[PDB]
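Heads up, the Cβs are rebuilt from the backbone with ideal geometry, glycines too, and the neighbour counts pull from every protein chain shown. The numbers here are math on the coordinates, done by the rules we state, and not lab data.
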Amino acid sequence: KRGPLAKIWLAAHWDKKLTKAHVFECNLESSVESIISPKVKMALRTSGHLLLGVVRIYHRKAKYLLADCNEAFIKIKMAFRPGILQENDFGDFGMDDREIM
Amino acid sequence: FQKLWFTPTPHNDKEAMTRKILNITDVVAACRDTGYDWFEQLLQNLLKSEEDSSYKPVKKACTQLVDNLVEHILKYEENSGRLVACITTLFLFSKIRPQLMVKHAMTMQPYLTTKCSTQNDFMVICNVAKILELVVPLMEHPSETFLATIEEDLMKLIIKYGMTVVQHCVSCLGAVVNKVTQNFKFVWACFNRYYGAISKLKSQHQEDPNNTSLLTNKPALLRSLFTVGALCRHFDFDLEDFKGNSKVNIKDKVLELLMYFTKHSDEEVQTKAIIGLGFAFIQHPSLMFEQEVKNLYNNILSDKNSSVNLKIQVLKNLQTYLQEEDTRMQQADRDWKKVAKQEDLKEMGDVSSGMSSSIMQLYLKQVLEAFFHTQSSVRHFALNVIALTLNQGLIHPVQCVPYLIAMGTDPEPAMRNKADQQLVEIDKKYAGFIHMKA
């Protein structure tokens, strides 16, 4: 929704609309999580929700970093040194639910 | 179907509308064999599912179809399949909503007046009688001469035709007499004549069991038995004003008289007497409790009787009682708010509710035994009675599972189809039961 913490809301509630463009550099962890702790009138419930949100964000960042690193390492190992009736249900009793009267 | 038929069809290109009427009449006249429950369900759904104003798209097409069918019936003037089918469609459209045919009843009146001796004509008379029953009380400020001629021709019809027409017309006569007019002295004199005739026959027979005048006037006696039965069923004249004096317990009278004529030597007399008792029963259920009625049924249904029309008649009595009681209960519950403020909170009646159960416990066992009969009609009627019982839960299901299983091996397909479907419904609710009786 709306706010400098909407991303964490989404990551804690819906998580599907959150795109690979959002996750990467939208939120500066060391600043946003720091913002969450002294924020005015924060209920414990919503705080727990936000905790799961920020942890999911961080986990996704880890996933992407691993994927890109693996891609790079696979690249670097390259070089160029030039030197009939088969299965029918038995009759119709399987699927021929009879008409009522 | 809401897009295929019930569309407003503006007043041009009349050929399409006429073709639509042809199509719908064809559909219903072909659907006459199986049942009309599905058609009514569909039409119920289409009408209810748009309750807001919203141009009332189905209402316009419906009213234009019924009035155009009226006009088609008029312009027919003189293939009979289409006439009977059109009247049948009118009947269904009255049943689903009754206001649709308030205006055209005066145009429907002439067919009831006079007719011929052919079958399809009798079906027309029966259907128009049904329509009149459904619509006449709802008519905004009717004309008294119209009611007068209605009752007159209804009586003229009662005293001149066969069984089914007598039934389906005394129904509408009783309804119209108890809903709008009040001239019940006429019907009282009618029952006086019939009661007196049959009682004189009884008295003459009591000491002359070998006389011959009875073998001559038999038709009058038969018609009298059926008529007094139907009258006692549909239109109860054991009340304050019908007699006009101190009550002489007429219901008990007719009970004893019919019960007398049950024991006799021919067959048609017995069948008509049992029919009379059944119609009497559907009005006073408590009579089933009487010892003579008990022993009568529990002897006819058992004891390896030669007759096969008595057994069929008994089972048909039970079947019509169950159906009629169900319909009365439902349609009497639907209009609660008119009587709610005048019923107790501390009572919670049962004798008006539990009764329908109790009855079955006196006969049920015997009916089940009737599954093992060599005829087919007896088996069909027994299965109808049990499948009407169980569908309201009246009786405990797992004591009539074995018979309902052995009915799964008849030749006729509709029989075992109904049986097996009843069985799968018995199972789907209650997990264990079938494993108990296998």
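Odds and ends about this structure:
- As a calculated quantity, the FRET efficiency between A:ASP96 and B:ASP427 at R0 = 22 Å, using C-beta atoms, amounts to about 0.70.
- Placing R0 at 22 angstrom, the Cβ-Cβ distance between B:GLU347 and B:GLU324 gives a FRET efficiency of 0.30 after rounding to 0.05.
- Calculated P(r) tail over 39 Å for chain B, as whole % of Cα pairs: 31 percent
- For the range B:301-341: rounded, prolate or oblate by the Cα gyration tensor [a/c cutoff 1.5]: prolate
- Around A:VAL32: net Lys/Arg minus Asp/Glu count, Cβ-Cβ under 13 Å: 0
- What the phi angles of the range B:28-45 give under the Karplus curve with 6.51, -1.76 and 1.60, with θ = phi - 60°, is a coupling list of 5, 5, 7, 6, 4, 5, 8, x, 10, 5, 5, 4, 4, 4, 4, 5, 3, 5 Hz, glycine and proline written as x.
- Working from Cα pairs under 8 Å separated by at least six residues, relative contact order for the range B:309-438 is 24 percent.
- Per-residue ³J(HN,Hα) for the range B:142-158, Karplus 6.51 cos²θ - 1.76 cosθ + 1.60, θ = phi - 60°, Hz, x for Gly and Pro: x, 9, 5, 5, 4, 5, 4, 5, 4, 5, 4, 6, 4, 5, 4, 6, 4
- For the peptide A:94-100, the mean number of other protein chain Cβ atoms found within 10 angstrom of a residue's Cβ is 3.
- When the protein assembly as shown is described by a simple charge dipole with +1 on each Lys and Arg Cβ and -1 on each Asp and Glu Cβ, the residue from B:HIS380, B:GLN2, B:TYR363 located farthest towards its positive end is B:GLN2.
- In this simple spin-label model, placing a label point 7 Å from the Cα along the Cα-to-Cβ direction at both A:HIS49 and A:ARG2 gives a separation of 1.7 nm.
- Radius ratio Rg over Rh of the range B:298-438, counting only Cα atoms, Kirkwood formula for Rh: 1.03
- Per-residue packing, averaged as other Cβ atoms within 10 Å, sorts the ranges B:266-277, B:210-221, B:345-356, B:63-74 into the order B:266-277, B:63-74, B:210-221, B:345-356, beginning with the highest.
- Centroid-to-centroid separation of the range B:80-120 and the range B:401-423 [C-alpha atoms, Å]: 38 Å
- Those residues of the range B:183-218 whose amide nitrogen sits under 18 Å from the label point placed on B:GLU256, 7 Å along Cα→Cβ: B:195-207
- Rough spin-label spacing in nm, given labels placed 7 Å along Cα→Cβ, for B:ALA340 and B:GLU152: 4.6 nm
- A simple spin-label model places pseudo-atoms 7 Å from Cα toward Cβ; at B:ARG193 and B:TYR76 they are separated by 3.2 nm.
- Whole-angstrom Cα spans of the range B:183-248 along principal axes, big to small: 41, 22, 17
- Extension gain, B:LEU239 back to B:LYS316 (0.36 nm per residue minus Cα-Cα distance, nm): 24.9 nm
- Cut-off 20 Å, label 7 Å out along Cα→Cβ of B:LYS59, residues of the range B:90-117 by amide N: B:93-104
- Here the calculated FRET efficiency for B:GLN41 and B:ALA438, from their Cβ-Cβ distance with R0 = 22 Å, stands at 0.05, rounded to the nearest 0.05.
- Remark: the Cα gyration tensor places the range B:1-156 in the prolate category, a/c being 1.5 or greater and a/b exceeding b/c.
- Span from the the range B:8-44 Cα centroid across to the the range B:259-303 one, whole angstrom: 43 Å
- Reduced Cα scattering model of the protein assembly as shown, Debye log10 I(q)/I(0), q = 0.06 Å⁻¹: -0.51
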